[PDB]
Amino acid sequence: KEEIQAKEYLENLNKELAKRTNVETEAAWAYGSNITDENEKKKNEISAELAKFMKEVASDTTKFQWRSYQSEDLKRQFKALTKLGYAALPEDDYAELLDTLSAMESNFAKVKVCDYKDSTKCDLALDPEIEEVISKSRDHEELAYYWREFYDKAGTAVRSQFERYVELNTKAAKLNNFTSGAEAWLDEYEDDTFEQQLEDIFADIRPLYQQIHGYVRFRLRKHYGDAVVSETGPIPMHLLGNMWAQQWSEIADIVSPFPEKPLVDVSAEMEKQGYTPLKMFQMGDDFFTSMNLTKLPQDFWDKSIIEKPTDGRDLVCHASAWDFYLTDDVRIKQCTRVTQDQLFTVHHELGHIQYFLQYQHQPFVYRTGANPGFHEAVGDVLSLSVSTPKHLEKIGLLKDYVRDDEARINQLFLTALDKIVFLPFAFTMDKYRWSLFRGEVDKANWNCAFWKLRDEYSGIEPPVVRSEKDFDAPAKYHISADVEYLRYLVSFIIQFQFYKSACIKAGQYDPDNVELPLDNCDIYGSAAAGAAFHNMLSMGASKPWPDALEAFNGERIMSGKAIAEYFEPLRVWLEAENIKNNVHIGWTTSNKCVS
């Protein structure tokens, strides 16, 4: 009979937590939109106040015999409340951690480098100045300059802060009785075999990655020459069109299977048609509403930041989506540019927004993703259909396109340069941090431990020799900003499970029909695919994630079958092409990190 009282306790507590988290989120928004010493102080002081309340909440849960309850729902809510995270730390330790975290994120956001050609102009930021060069320049010495300048300033400058962060993250995890921060993060997936599952899936897809890597290296040798790219060594990462070599789509024009056949790049047509950031977001909104999903509320349009501010202010430009835990107060902060890549980013971020809107009726503790990978997958499912020649022709961004066998391979390869290449990258981000959290790497070996993983899994390496005098991991946003990365590995796998099922539901994919291939499916306008999204997303975290997956397509298991199915036509072509051209596969151990 205690359950009746507990039910009323939770109902009230959830609403209180939403209200208190609203205040924290507003402060965090203000700081991210506007980096100042005063906003930093405000963000961290509100966080400390919320942490103190959570601690009292965790303490109060012991007054309830919640493990004895009949209701799985009540038990699930109470269990969520016992998990404190960083809030478990002593008052002083939590304050220090907050200061360390803001030091790292603000350092990242304030990085400025000098122009390669003009050592007087020193106001080039990553977004958009440096990223523009990395994506567009084919001058290998220019690329190497910007790589070194950025990593030195975004990575190395923050080593001592990162070290204290690891220490306090570990202390926090242990106060929650996890072994380390690795176990704390993994707890979000509610499955004690989750690591092994991902190792198994990765092993199945790894051979395809090896083939893509080999072919790209072959093509880069033809472009840059053997003085710059070896046949048998790891690929110099500054040549891959991305600061972290996480996705290689930006160099597709020089590595495309059939260069005389069409390669989709709609950036120029977007500009020609007078596209704006506003129009891009309106188009994303249109896609969701077309599937009978929820329209963006007025607060979104009023309060979002969709262009980089033109005043002198510092801010976090790294695109993000925000839930304020009231009703319909959801926002995006994106330094939007008019490019194809940015159009996908718009859809990714709007996927988060849709999830927020779908579960906003749930009790506070359930107002989050089924697991962190689910949140990341939503927007990418739409991006997959947006990226198709089918959809791009509908919106008039792709003209005079003939979709023959060769054009199809180009498009599949372009997609793989984003989707397959990313898998080892994503895995290494957390394998690295897990190894630090678990105390498996001595402090003397922290930098080369990072590059060892990037070599082992991705077969890439720095453009210049690094050592333990450098510290390169925090040069990636999520590492400086303490954002778990496994969510993205999970997302890139399960988004294909979602995409395939949504395509089947939309009547857009049949494995026995040549006219309905998975790689040209467009789910625009499909209420049937939208219904599946509604069924899943409306659950939030009310049930363990296999139940959320089951609500979508009746499946309960994370599987690499769907991603492999999507790329199967590419795998067949590429294996044969690599044999035809005697392409070397695999790589020697890198010499670019001195121990």
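Just count from 1 along the sequence shown to find any residue number.
On average the C-alpha atoms of 272-280 have higher B-factors than those of the other stretch, with 205-213 and 272-280 being the two compared. Judged by mean Cα B factor in the deposited record, 130-138 ranks above the other of 487-495 and 130-138. In this entry, the residue among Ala172, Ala506, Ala245, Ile479 with the greatest C-alpha B factor is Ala506.
The residue among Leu436, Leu240, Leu168, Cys122 whose C-alpha carries the highest B-factor in the deposited model is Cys122. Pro257: CA B factor lies in the highest third for its chain, per the PDB record. Among all modelled residues in its chain, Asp286 ranks in the middle third by Cα B-factor. Residue-level temperature factors show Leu296 in the highest third of its chain, judged at the C-alpha atom.
Per the deposited record, the Cα B-factor of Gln340 falls in the highest third when ranked against the other modelled residues of its chain.
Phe194 sits in the lowest third of its chain by CA B factor, as recorded in the PDB entry.
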